């Protein structure tokens, strides 16, 4: 359940999320686009969900992809900002889940973002310990799907 999953965000997981987000969230456009391109590269099967975006291979030059990527980074910002209060984090995660549920994105499909996060982190000198902290946060969202 979402409440049980939120409980897995221990003190050090919260800290590692904050420390890494201080860097990653610094360049929402570049890292947001990097994330999406990585997902599309590593999991081509997911492109079908993004038909509205047009030619995703254009990367930064695709205005729709750019607008989506930037926006995705503000949902992450939201989640980091709610870490202090589990009640607030859970209501924001359930709110975020509505549209994803409507699109038929299952927990397993959503979990495909972990690879792309790990790669983006690694590109900023954040290793496994950080990739695992983020996988925990992503697991809160999966619990809601």
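Positions refer to the first chain, counted from 1.
Engineer: Given the B-factors recorded for C-alpha atoms, which segment has the greater mean, 63-71 or 100-108?
Structural biologist: Looking at the recorded C-alpha B-factors, 100-108 comes out higher on average.
Engineer: Taking the recorded C-alpha temperature factors, which stretch has the higher mean, 109-117 or 91-99?
Structural biologist: Taking the mean B-factor of the alpha carbons in each, 109-117 is higher.
Engineer: C-alpha B factor of residue 39, ranked within the chain: lowest, middle or highest third?
Structural biologist: For residue 39, the deposited C-alpha B-factor lands in the middle third.
Engineer: Taking only the Cα B-factors deposited for this chain, tell me whether residue 124 sits in the lowest, middle or highest third.
Structural biologist: Its C-alpha B-factor belongs to the highest third of this chain's values.
Engineer: Is residue 86 in the lowest, middle or highest third of its chain when residues are ranked by C-alpha B-factor?
Structural biologist: According to the entry, residue 86 has a C-alpha B-factor in the chain's middle third.
Engineer: Split the chain's modelled residues into thirds by Cα B-factor; is residue 132 in the lowest, middle or highest one?
Structural biologist: Its C-alpha B-factor, which the entry lists for residue 132, ranks in the middle third among residues of this chain.
Engineer: Thinking about Cα B factors across the chain, which third does residue 144 belong to?
Structural biologist: As the PDB entry reports it, the C-alpha B-factor of residue 144 lands in the middle third of its chain.
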